[PDB]
> 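Have a look at the structure that comes next, please.
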Amino acid sequence: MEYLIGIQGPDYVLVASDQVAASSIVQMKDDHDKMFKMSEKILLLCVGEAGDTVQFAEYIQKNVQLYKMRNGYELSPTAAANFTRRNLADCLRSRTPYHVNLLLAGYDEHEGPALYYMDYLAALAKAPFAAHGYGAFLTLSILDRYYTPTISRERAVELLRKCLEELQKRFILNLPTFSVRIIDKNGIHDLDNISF
Amino acid sequence: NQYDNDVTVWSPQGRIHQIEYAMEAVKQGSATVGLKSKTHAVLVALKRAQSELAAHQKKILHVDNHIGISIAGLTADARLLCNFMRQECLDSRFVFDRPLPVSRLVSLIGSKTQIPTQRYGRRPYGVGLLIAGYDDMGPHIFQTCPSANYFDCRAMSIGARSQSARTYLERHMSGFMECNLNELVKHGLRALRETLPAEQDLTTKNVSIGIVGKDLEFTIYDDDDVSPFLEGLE
Amino acid sequence: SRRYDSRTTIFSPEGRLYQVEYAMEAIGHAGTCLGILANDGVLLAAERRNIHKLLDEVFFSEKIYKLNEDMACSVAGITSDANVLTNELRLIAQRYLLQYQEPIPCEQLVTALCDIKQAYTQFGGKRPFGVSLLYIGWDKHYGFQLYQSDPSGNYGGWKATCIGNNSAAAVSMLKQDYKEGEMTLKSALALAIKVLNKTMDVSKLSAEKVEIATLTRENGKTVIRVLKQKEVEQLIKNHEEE
Amino acid sequence: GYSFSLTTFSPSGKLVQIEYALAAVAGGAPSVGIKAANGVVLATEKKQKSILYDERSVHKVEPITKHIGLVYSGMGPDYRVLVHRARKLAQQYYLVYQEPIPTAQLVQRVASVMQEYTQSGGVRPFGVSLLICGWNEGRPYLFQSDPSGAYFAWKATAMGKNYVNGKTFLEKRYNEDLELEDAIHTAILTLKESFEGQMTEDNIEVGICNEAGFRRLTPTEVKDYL
Amino acid sequence: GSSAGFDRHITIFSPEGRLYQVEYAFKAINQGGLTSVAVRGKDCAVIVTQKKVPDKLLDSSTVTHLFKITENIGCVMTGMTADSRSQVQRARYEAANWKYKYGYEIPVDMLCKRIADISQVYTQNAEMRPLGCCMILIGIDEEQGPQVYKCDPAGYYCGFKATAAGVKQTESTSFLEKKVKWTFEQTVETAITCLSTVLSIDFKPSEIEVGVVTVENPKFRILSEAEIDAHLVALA
Amino acid sequence: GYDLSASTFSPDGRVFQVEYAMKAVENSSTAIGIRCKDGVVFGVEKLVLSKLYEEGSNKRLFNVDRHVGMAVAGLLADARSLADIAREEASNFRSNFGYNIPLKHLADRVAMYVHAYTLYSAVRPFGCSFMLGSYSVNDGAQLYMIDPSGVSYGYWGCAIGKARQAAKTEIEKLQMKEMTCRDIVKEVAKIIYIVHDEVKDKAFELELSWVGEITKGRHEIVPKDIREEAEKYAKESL
Amino acid sequence: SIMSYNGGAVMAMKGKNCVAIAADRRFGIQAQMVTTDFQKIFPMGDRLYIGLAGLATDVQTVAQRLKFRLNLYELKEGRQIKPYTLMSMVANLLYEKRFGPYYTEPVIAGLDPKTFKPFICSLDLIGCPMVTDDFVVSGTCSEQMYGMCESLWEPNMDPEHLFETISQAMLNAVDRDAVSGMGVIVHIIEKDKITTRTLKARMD
Amino acid sequence: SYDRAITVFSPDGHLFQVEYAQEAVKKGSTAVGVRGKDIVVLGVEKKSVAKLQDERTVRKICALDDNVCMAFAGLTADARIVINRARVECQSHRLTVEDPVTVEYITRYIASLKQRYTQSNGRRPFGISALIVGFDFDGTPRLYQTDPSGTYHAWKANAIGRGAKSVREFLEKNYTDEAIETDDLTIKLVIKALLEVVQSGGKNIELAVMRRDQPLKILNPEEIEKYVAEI
Amino acid sequence: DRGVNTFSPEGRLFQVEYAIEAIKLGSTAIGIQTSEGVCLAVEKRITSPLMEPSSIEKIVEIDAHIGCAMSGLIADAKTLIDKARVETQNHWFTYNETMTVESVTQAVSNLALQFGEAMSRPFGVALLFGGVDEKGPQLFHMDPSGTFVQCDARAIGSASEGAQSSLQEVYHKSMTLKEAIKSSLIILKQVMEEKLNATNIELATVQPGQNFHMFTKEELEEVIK
């Protein structure tokens with residue numbers, strides 16, 4: 001199972017994900033990126049059924065980019081999140097549904113930082129923090145215990161480290177490294193990988 | 001004038017000008033002769049040459065083991081009809097495990113080519129054909145036209161100046177049945193030669209032959225293989 | 001079939017589209033429609049053609065149609081053709097809202113309708129829609145906006161513009177009276193009346209001969225309203241004293 | 001069928017087919033519509049060519065629903081098409097909203113159908129003008145829908161033969177405080193101005209619309225008014 | 001009489017607001033050279049039509065203009081023969097379908113209206129011409145009694161007390177106009193007399209066709225040569 | 001131009017395209033059908049336009065069903081299409097109702113199909129006329145004729161083609177009602193030889209077919225030897 | 001069941017010249033809670049609200065498609081929809097998916113736009129209406145809600161008493177339900193004002 | 001469905017409708033492109049310079065992607081359709097080839113679409129001509145030109161629209177290596193060429209330069225005024 | 001006004017005849033087939049000095065063993081060229097072998113008369129197909145009527161009548177590729193309005209054992225001398 005996590009601060013959004021690509025019992029790739037850049041201020045974290053994640057994420061990415069080309073400005077995180085849900089829900093009762101779980105992080109000029117949680121059935125929910133996968137069962141309570149709405153980005157990174165450390169000690173799966181990114185008013189920034 | 005643009009428009013004299021114009025296409029094509037005996041069916045076509053450096057445009061085509069055809073008029077239409085005939089023959093072998101009787105195949109060509117003479121915006125096939133074949137009822141020579149009518153003939157000629165080839169065939173047709181293969185082809189070459197202008201002659205570069213019979217699959221003779229049939233002709 | 005085909009979507013010898021030009025001729029004789037953009041809102045002023053005494057009044061207006069929560073439009077040309085396009089505009093706006101959960105930006109709505117108009121002039125064999133439109137709206141990207149589109153599928157943004165009867169003369173007046181970035185709704189309403197008085201040829205302007213709609217932002221929400229006879233009558237009075 | 005339009009724009013910006021459809025409407029039998037304070041009246045001249053015709057076999061005034069009535073001027077067979085389509089539209093609306101379609105909503109839908117015939121392939125426009133009446137939310141309505149698909153709300157109007165004089169007559173006789181009974185009288189009088197010879201109860205059709213619903217006046221009732 | 005563009009070729013409006021093609025279709029009804037007359041009685045409906053068969057090698061029995069639509073509905077066609085046959089075939093189908101989906105026999109006026117509606121479509125669509133024929137329907141309705149309906153190429157239909165169609169239609173209308181302003185024998189005699197008077201011909205049993213429906217015997221019936229002769233002798 | 005389309009009525013109420021299609025039938029050779037007491041006999045004057053053609057080429061007598069024969073005149077390609085339409089109609093009827101289609105019903109179906117090509121600009125009217133003959137114990141002998149407009153009638157004797165008028169006069173002299181197929185075959189041959197032109201259209205072949213009690217309800221080509229007597233008798237007559 | 005996958009409860013109560021609509025705020029996937037501020041009650045006019053319980057994805061989809069339809073209706077008709085007309089509109093929308101239904105049971109509460117008469121109704125997933133004079137409930141704890149409503153509801157309650165009644169009904173009902181809760185939101189619809197209150201509830 | 005053949009061959013071997021589409025291109029606003037060392041110059045006549053107009057809403061120069069820009073002449077409504085078709089093509093190419101399209105690749109797609117409308121039933125040809133520029137993956141400058149018939153060619157310098165011949169005739173004698181040496185020298189050649197047909201050359205001319213890995217950098221009124229001032 | 005599939009009184013399809021007229025306005029292309037291979041030369045016909053000569057493509061590769069020269073409406077040729085490329089690759093996929101020149105030409109020809117009212121008109125282009133298969137070097141020519149034929153030497157385009165005369169007076173069955181390449185360039189220069197350099201013409205050859213090879217600037221100059 002893959003792991004996703006998002007923490008929203010007063011003026012930024014912090015996201016992280018495991019970099020393991022697996023085939024049955026073997027880790028085929030240990031530095032796989034699960035984040036997709038839709039626009040300058042929007043990141044799409046996607047996990048789930050093999051094949052579906054990339055096909056779906058790329059489809060969204062191409063449509064988000066097309067919107068910007070046709071209008072001259074980027075779609076906001078909220079509009080992008082709803083566009084993603086609409087599409088996911090449309091394929092829900094079709095012959096080819098997309099079994100994917102995702103998080104949409106973004107920064108809107110007027111609205112600020114946003115974090116969106118979406119399950120495979122296309123239910124959309126805005127949240128201060130969220131996680132996906134089996135690991136979410138061991139880390140959600142940790143976020144509940146230490147998270148405050150005015151948490152700074154330095155404290156957020158420490159909070160993320162706490163969650164990832166818990167996975168190292170409690171989780172049965174081997175997830176040694178994580179991609180860490182932050183989105184704010186200056187765009188998407190790559191932070192150092194958190195490795196164990 | 002106002003009655004010669006569409007195929008769906010009947011003229012006041014009870015004619016369809018577009019179909020008559022499509023018959024003109026067949027008349028300008030190089031002549032081809034088709035005759036038969038009691039055992040064989042022969043197709044002889046005068047291969048025309050657009051240039052002095054180009055090859056002679058093919059006229060005789062294999063359709064099936066027992067059926068061969070010669071075309072005069074629009075080449076595009078000929079290929080379309082030949083493809084249709086080939087498919088009909090293939091269907092017959094796939095479903096009934098036997099060769100499609102020639103007469104039934106000609107009937108199928110007739111109905112297919114009639115459809116476009118009654119529909120607005122469609123045009124008639126601008127090609128005439130000579131169909132040689134051999135089946136249970138013997139050897140056959142059929143002739144199709146752009147107006148979807150077809151004829152069963154003892155001998156026939158179509159194309160430019162084929163009237164004189166038909167004139168020749170009319171007087172020599174009496175001794176066609178008893179005629180053996182070799183002499184039957186001669187009668188065919190002689191009739192085809194009549195359509196040519198005095199100077200020009202039948203060589204191995206402009207004469208293609210097609211033969212089918214009692215114990216012979218339809219075979220096309222071109223270039224050096226037609227030599228034997230030509231050599232010894234007064 | 002070919003004998004009766006009018007061939008509505010073909011190029012003429014000098015590269016012109018006759019049906020499109022003929023539809024523009026029809027729009028030129030229709031009721032006058034004028035749009036003016038101000039700093040605190042936009043307005044639409046249209047001359048009424050239905051003025052018969054036995055006519056009844058029971059709709060929102062005559063030439064002004066609300067498209068969504070933040071947009072309105074005015075039409076000039078074939079009335080029944082305008083009904084078709086106005087209904088289509090409403091659907092386009094609702095479809096955008098269903099997909100992104102946000103109101104469609106003004107310019108995006110105009111562009112979508114212009115695509116439908118362009119399609120009629122290129123294929124299909126049908127006569128084009130004989131309508132010209134004026135759009136007024138507010139969105140979060142560019143605030144207050146004003147657009148005008150025509151039968152060919154072309155459109156453009158304007159500070160002040162006019163379509164319909166005597167629009168060329170109305171545009172001239174606007175050029176010498178519109179102050180870029182120094183206009184207000186009250187000052188725009190006066191200009192509208194002034195311009196409308198000149199283009200119209202019936203001496204007394206009259207409140208019954210016109211229809212005026214304004215679009216403003218009130219407490220974080222767009223407000224679109226058609227001025228009542230009293231307000232319009234008062235505006236005409238002002239011009240007399242003006 | 002032909003996929004090209006039969007109604008196109010002329011050099012001066014007109015759609016001649018629609019104008020020719022209006023000429024067919026103008027040469028039709030006279031029709032009057034008058035909106036009273038508590039109802040609407042639809043009156044039409046229905047003069048048969050002879051006494052061989054069965055007066056009670058065909059009607060010109062038709063109900064669309066329980067609260068909506070229709071009348072036309074122009075081509076009878078074209079009118080039948082629209083009546084059938086209007087009834088269908090009214091039922092579709094009822095199936096979805098479970099409430100009788102408001103008169104204005106029905107007129108809009110009928111006008112949309114008429115607009116379609118001025119742009120769609122291989123067809124001519126309808127050669128008829130309609131007068132629609134109805135009662136919604138304690139209020140009477142009177143609409144007119146022409147060949148182009150345009151529709152107007154009227155207080156009182158006339159169409160068909162000599163409609164221009166009928167409208168002038170109505171302007172000098174109609175008042176806003178008029179009652180249904182009074183409206184019925186002035187409606188018959190309007191028809192009388194353009195009528196030929198002897199208006200009986202068999203050569204005119206009258207329909208009324210009030211709070212009880214829309215109904216075609218019976219010949220006996222019409223005789224009393226005459 | 002103004003014209004413009006293709007208004008005399010297809011069913012589009014002319015400058016006056018007329019449909020020339022529909023008007024030409026009415027002239028096509030008179031091309032056959034026959035006249036039909038339908039009369040409604042107090043408890044019966046009678047249709048009489050001219051029966052001209054001067055070819056002599058023709059099988060007289062197959063030459064007719066009277067048709068059975070359903071068991072209780074009869075009709076007489078006037079105009080182009082092939083157009084009439086297709087219209088009769090369409091009416092038979094419409095009636096059968098109505099019975100199947102509604103569970104009861106189609107009323108005469110509903111059938112006429114249905115046929116008229118199909119005819120209307122031809123006057124509005126340009127790709128097809130209107131039929132050059134006229135259909136008169138008769139039958140007994142449970143409450144209204146005997147019915148007589150007629151629809152034409154324009155898509156117009158109506159119920160009549162008495163009506164006619166064809167070459168001598170106008171004079172038949174006038175003749176019946178006075179008479180109308182009746183028992184089974186009187187209705188039948190009136191119909192035969194109208195036809196005879198307007199055509200100036202002393203009819204013989206095999207020169208006319210008679211169709212009837214009565215309240216006692218609602219089934220549409222065609223009179224035989226012997227039955228028609230009895231009426232012809234009583235009129236003489 | 002009021003005569004360019006089948007969907008256009010002329011000012012005097014005529015469809016000129018349908019009438020132009022009838023001209024094509026009048027240019028064709030004569031075909032006659034005679035209905036007697038025992039069955040129906042068909043006779044066609046098949047013109048031999050060339051000596052190169054085989055005997056039996058371009059036949060104008062078809063079998064549309066076991067008990068139904070069809071004689072045609074006009075555009076052969078149009079006629080062949082109509083014969084296929086009729087064959088399919090007969091076959092369809094047997095599948096749906098389980099028995100031999102009645103001739104009158106078959107004539108009605110084909111005529112309406114023919115009538116469908118006279119209403120639009122999209123298609124053109126058929127350029128041929130044909131006769132339908134049949135015989136069954138229940139129905140007896142039947143003979144129908146359908147022309148380009150779609151009208152079909154039953155006949156005692158019929159003729160189509162160029163000499164349709166001259167042939168009709170010859171047919172009226174016979175008392176076919178009480179005659180039998182055997183003696184009628186010779187008469188049909190005789191009439192065709194009389195109406196045949198010698199100056200124009202030189203050289204023709206006589207086509208004969210019949211259906212009745214003598215063929216047990218099966219439509220077929222008249223036996224060669226029986227046609228020999230008829231040809232002999234017709235030659236001597238004229 | 002598909003209707004208990006996300007949990008949730010909605011109830012509408014009729015008072016004297018007023019209506020009340022309430023719902024839980026929990027959004028969760030099976031046993032795990034994801035958020036505690038999920039919207040289940042959507043405005044459909046000035047004095048007309050709709051509450052949706054059931055599958056979260058269908059709750060959002062139905063609300064969005066209904067908004068799409070209502071908006072077009074208001075523009076075309078030029079008026080605010082009547083409570084009863086909205087019920088029919090919703091039933092029609094749900095019936096279209098007769099064989100492949102939206103997993104949600106809507107609850108409508110409002111006052112008529114001209115007479116201000118209280119109106120409440122509840123529909124099932126197929127689109128069958130249940131117009132009542134007292135209350136309507138929907139969700140995973142409907143049995144508990146029925147119990148609370150049947151014994152607490154009284155006719156002709158004023159806005160204050162109606163608020164107390166619906167509040168107690170929802171609070172005690174959701175406390176006996178494992179997948180419903182995490183807060184309760186209540187809307188009191190009066191002729192002149194709309195009052196929205198969030199209640200102090202258990203978060204376990 | 002309308003299936004009438006609109007574009008057919010004429011007796012002399014010409015396609016009438018295509019020639020009529022070219023007539024429409026001649027009435028369009030003048031556009032001029034010029035190839036440079038490491039930047040491409042596009043100059044379009046602004047013409048409509050009304051004081052009540054929102055200039056940003058009617059731009060002739062557009063972006064097809066992040067690396068390709070284009071100018072057009074002729075029917076403006078037809079142009080908007082083609083531009084949007086190309087935008088979708090660029091997006092599709094990035095999701096199936098994992099790389100941006102080259103200048104010639106998008107020119108080919110656009111030209112192929114134009115050709116398709118000259119041989120299809122029920123439709124007339126597009127009434128526009130386009131000038132496509134940009135830089136390829138490596139970094140070389142390109143200048144292509146497509147017309148209504150669907151034929152496209154690469155050019156060093158080119159003009160389209162009204163009085164295109166005049167600007168083309170003058171472009172041969174003024175296009176060199178020294179002239180396109182520096183970036184500010186590529187803006188000099190264009191303007192002069194435009195000035196031979198543009199009435200009151202100055203505020204009636206729009207400008208745009210496409211550099212290396214740099215977005216559509218439209219020039220401004222004063223920016224262009226500098227060059228106009230000196231000239 | 002007539003339809004696109006209308007026959008003329010002399011038995012010809014008007015549109016097909018008009019399409020052949022269009023071929024006459026096109027650039028001259030020459031094809032010569034010898035025992036050592038086939039060469040294709042086409043006049044670039046550059047309209048202006050500001051136009052890049054490299055962008056003009058009158059000779060293209062259909063497959064490794066087949067080359068193609070076009071003349072007439074170049075935009076219409078692209079549709080046929082792509083069709084031909086797809087045909088050969090489909091043939092390779094299905095039969096694990098190369099398609100013959102004749103087969104490719106036949107497949108491309110079958111799309112010529114497929115128009116009506118789907119193409120709305122015939123293609124206004126003529127094609128020259130040159131390549132090597134089991135029968136050795138082969139040259140085929142196809143025009144707008146759908147007619148295709150094998151030829152020893154052929155010229156198409158504006159000056160095809162003049163080019164043909166020269167071709168038939170200087171062509172023999174034994175001539176090598178070098179002679180053909182030189183001979184074809186000699187005739188091209190004689191019928192070309194402009195001067196024949198190495199930037200205003202196109203040349204390509206296909207020999208047994210060698211792939212389709214487009215001569216470079218340097219290789220043309222050498223031969224041009």
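When reading the values below, keep in mind they use all heavy atoms of this one structure, side chains included, and skip hydrogens, waters and symmetry mates. Throughout, a chain's letter reflects where its sequence line sits, starting with A, and its residues are numbered from 1.
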> Partners of B:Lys186 by salt bridge (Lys or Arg N to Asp or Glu O under 4.0 Å), sequence neighbours excluded?
none
> Give me each pair satisfying ring pair (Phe, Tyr, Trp, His ring centres under 6.0 Å) with a member in residues 87-118 of chain I, each pair once, sequence neighbours excluded.
I:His91-I:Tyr95
> Taking B:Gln200 for its side chain and B:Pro197 for its backbone only, find out whether a donor-acceptor pair lies under 3.5 Å.
no
> Taking atom types as modelled and ignoring hydrogens, do the side chains of B:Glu24 and B:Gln28 form a donor-acceptor contact shorter than 3.5 angstrom?
no
> Is any side-chain heavy atom of B:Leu105 closer than 4.5 Å to a side-chain heavy atom of B:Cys89?
yes
> Just say parallel, tilted or perpendicular for the rings of B:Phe142 and B:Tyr150, cut-offs at 30° and 60°.
perpendicular
> So which atom in B:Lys59 and which in B:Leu46 form the shortest heavy-atom distance, rounded to 0.1 Å?
CE-O, 4.1 Å
> Pairs under 3.5 angstrom only: tabulate donor-acceptor contacts from the side chains of residues 205-212 of chain B to other protein residues two or more places apart or in another chain.
unit_1	atom_1	unit_2	atom_2	d
B:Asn206	OD1	B:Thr203	N	3.2
B:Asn206	ND2	B:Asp201	O	3.3

> Where do B:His140 and B:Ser103 land on the side chain to side chain contact (heavy atoms under 4.5 Å, CB included) test, with the steps shown first?
CA-CA 8 Å; B:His140 306 275; B:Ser103 80; 5.8 Å; no
> Under 3.5 Å, is there a donor on one side chain and an acceptor on the other for I:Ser55 and H:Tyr152?
no
> State whether a side-chain donor-acceptor pair under 3.5 Å links I:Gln33 with I:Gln150.
yes
> Could you go through the side chain to side chain contact (heavy atoms under 4.5 Å, CB included) check for I:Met119 and I:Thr79 one step at a time?
CA-CA 11 Å; I:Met119 300 308 167; I:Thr79 301; 4.1 Å; yes
> Test your reading of the model: is there a side-chain donor-acceptor pair from B:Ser111 to the backbone of B:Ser107, 3.5 Å cut-off?
yes
> Hey, mind stepping through I:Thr100 and I:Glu134 against side chain to side chain contact (heavy atoms under 4.5 Å, CB included) and telling me if it holds?
CA-CA 8 Å; I:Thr100 68; I:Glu134 40 266 60; 3.6 Å; yes
> Between B:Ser162 (side chain only) and B:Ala165 (backbone N and O only), is there a donor and an acceptor less than 3.5 Å apart?
no
> Run the numbers on H:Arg108 and H:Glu104 for salt bridge (charged side-chain N to carboxylate O under 4.0 Å, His left out), then give the verdict.
CA-CA 6 Å; H:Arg108 204 159 93 237; H:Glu104 142 150 285; 5.0 Å; no
> Please report the closest heavy-atom contact between I:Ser145 and B:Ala76, naming both atoms and the distance.
O-CB, 3.6 Å
> Going by atom types only, do B:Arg79 and B:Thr75 share a side-chain donor-acceptor pair under 3.5 Å?
yes
> Say whether H:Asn121 and I:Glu117, considering side chains only, have a donor N or O and an acceptor N or O under 3.5 Å apart.
no
> For the pair I:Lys173 and I:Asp152, evaluate salt bridge (charged side-chain N to carboxylate O under 4.0 Å, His left out) and give the outcome as yes or no after the intermediate values.
CA-CA 9 Å; I:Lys173 242 123 225 313; I:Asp152 276 341; 3.4 Å; yes
> I'd like to check the salt bridge (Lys or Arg N to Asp or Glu O under 4.0 Å) partners of I:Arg121; sequence neighbours left out, ordered by chain and number.
I:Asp76
> To the closest 0.5 Å, what do you measure between CG (B:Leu230) and CG (B:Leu189)?
5.5 Å
> Do B:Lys47 and B:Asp222 make a side-chain contact, defined as non-hydrogen atoms from C-beta onward lying under 4.5 Å apart?
yes
> Looking only at non-hydrogen atoms, find the nearest pair between I:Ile187 and I:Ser166 and report the distance.
CD1-CB, 3.3 Å
> Would a distance-only check, ignoring hydrogens and angles, find a side-chain to backbone donor-acceptor pair under 3.5 Å from I:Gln114 to I:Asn110?
yes
> List the residues meeting salt bridge (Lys or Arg N to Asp or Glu O under 4.0 Å) with I:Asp143, not counting sequence neighbours, and say none if there are none.
none
> Check the orientation of B:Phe218 and B:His62. Use parallel for under 30°, tilted for 30 to 60°, and perpendicular for over 60°.
tilted
> Within the 3.5 Å criterion, strictly below it, is a donor on I:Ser158 or I:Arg45 matched to an acceptor on the partner's side chain?
yes
> Which residues pass the salt bridge (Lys or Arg N to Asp or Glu O under 4.0 Å) test with B:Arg93, sequence neighbours left out?
B:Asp64
> Report, as yes or no, whether the 6.0 Å neighbourhood of atom CD on I:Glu97 holds more than 12 heavy atoms from other residues, nucleotides or ligands.
yes
> Taking atom CD of B:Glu52 as the centre, does the number of heavy atoms from other residues, nucleotides or ligands within less than 6.0 Å exceed 12?
no
> For the residue pair B:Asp91 / B:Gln87, report whether a side-chain donor-acceptor contact shorter than 3.5 Å exists.
yes
> Taking all atoms of both residues into account, what is the closest heavy-atom pair of B:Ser157 and B:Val33, and its distance?
OG-CG2, 3.6 Å
> So which of I:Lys58, I:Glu202, I:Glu43, I:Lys44 actually passes side-chain hydrogen bond (donor to acceptor under 3.5 Å, both in side chains) with I:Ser27?
I:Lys58
> With no hydrogens and no angle check, is any side-chain donor or acceptor of I:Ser165 less than 3.5 Å from a backbone partner on I:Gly162?
no
> Specify the closest pair of heavy atoms between I:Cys68 and I:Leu40, including all atoms of both residues, with the distance to one decimal.
N-CD1, 3.8 Å
> Which heavy-atom pair separates B:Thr195 from B:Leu192 by the least distance, and what is that distance?
OG1-O, 3.0 Å
> Using distance alone, with no hydrogens and no angle criterion, decide if I:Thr6 and B:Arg123 have a side-chain donor and acceptor under 3.5 Å apart.
no
> Carefully, step by step, assess I:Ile32 and I:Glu179 under the rule side chain to side chain contact (heavy atoms under 4.5 Å, CB included).
CA-CA 10 Å; I:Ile32 287 168; I:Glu179 272 195 74; over 6 Å; no
> If we only count heavy atoms from C-beta on, is the I:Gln164 to I:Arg154 side-chain gap below 4.5 Å?
yes
> If the test is side chain to side chain contact (heavy atoms under 4.5 Å, CB included), which one of I:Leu185, I:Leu203, I:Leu167 qualifies with I:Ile30?
I:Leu167
> Do the side chain of B:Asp135 and the main chain of B:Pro101 share a donor and acceptor less than 3.5 angstrom apart?
no
> Hey, what do you get for OG (I:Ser8) to CD (I:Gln15), rounding to the nearest 0.5 Å?
12.0 Å
> Can you check whether H:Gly150's main-chain N or O pairs, donor with acceptor, with H:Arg116's side chain at less than 3.5 Å?
no
